[PDB]
Amino acid sequence: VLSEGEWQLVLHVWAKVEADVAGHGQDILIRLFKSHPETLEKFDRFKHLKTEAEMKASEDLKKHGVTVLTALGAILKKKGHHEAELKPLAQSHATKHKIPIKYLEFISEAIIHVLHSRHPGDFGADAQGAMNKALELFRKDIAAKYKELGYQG
C-alpha cells in the first residue's frame, strides 16, 4: 500500500503532467515504442511510423498519449480505490487488444524515465519511489482482473 504522503507525491507530480498531457504523452509513448518496438505493433494506425520524427508528427500518436495519461491520472487520483475503474480497462485490453501485463510494465518504465527527465525537483527519489508503488499496485490490480476474465496468454 501507499501512504497519504506517498499519494501526495504521486498526485503532485501528475498535476504537472496533466499541465501538458499531449507533450508528456508523446515523450512517454515514443519512449515506450523505442525501448520496446513490439508494443508499437498493437496500434493499427502505426504500421508505418518508423523514425522518431514520424512519431512526433503523428496526430494519432498524440491523441493516444492523451488517452493513457488521462485514464492513468484518473486511476491514480483514486489513491487505491480504483477496482471498478479497472474492470472495463482490463476488459478491453485483455480481450479486445490482448495486451500482456508485461507491456504495462514497459509503459511504467517509460513513465518513470520521462518524469525523472522532465520533473527533477518534482520527481525526487522519494517521489519516484511513490510512483513506482502506485504503478505497481495498478499492474497487480489489473492482472487480478486479467485472470478473472480468465486472461491466459
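Each reported figure results from applying straightforward, stated rules to the coordinates on display, with no laboratory input. Note: ideal-geometry Cβ built from the backbone for every residue, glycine included; neighbour counts use all protein chains shown.
Could you tell me which residue of segment 117-136 is surrounded by the most Cβ atoms within 10 Å (Cβ to Cβ), considering only residues that are charged (D, E, K, R) and closer than 13 Å to residue 16 by Cβ? It comes out as 118. Figure legend. Inter-residue proximity from segment 1-13: first residues over 14 Å from residue 138 (Cβ atoms), second residues β-branched (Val, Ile, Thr) and in a helix (DSSP H, G or I), beta-carbon distance below 8 Å, spacing 6+ or different chains. No pairs are indicated. For segment 122-153: of the residues being hydrophobic (A, V, I, L, M, F, W, C) and outside any helix (DSSP H, G or I), which is farthest from residue 78 (Cα to Cα)? Applying the filter and picking the extreme gives 149.
Quick check on segment 14-49: of everything there that is in contact (Cβ under 8 Å) with a residue 24 or more places away in the chain and part of a loop (DSSP other than H, G, I, E, B), which residue is nearest to residue 128 (Cα to Cα)? Talk me through it step by step, then tell me what you get.
Here is the first cut: in segment 14-49, the residues in contact (Cβ under 8 Å) with a residue 24 or more places away in the chain are 14, 16-18, 21-22, 24-32, 35-36, 39, 42.
Filter once more, keeping what is part of a loop (DSSP other than H, G, I, E, B): 36, 42.
Numbers: 36: 22, 42: 28 Å.
The qualifying residue nearest to residue 128 (Cα to Cα) is 36.
Among the numbered criteria (1) loosely packed, with under 13 Cβ neighbours inside 10 Å; (2) more than 17 Å from residue 135 (Cα to Cα), which single criterion is violated by residue 66? Result: residue 66 fails condition (1) only.
Screening segment 73-108 for residues that are in contact (Cβ under 8 Å) with a residue 60 or more places away in the chain and of a type in the set (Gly, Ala, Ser) and picking the one that is surrounded by the most Cβ atoms within 10 Å (Cβ to Cβ) gives 90.
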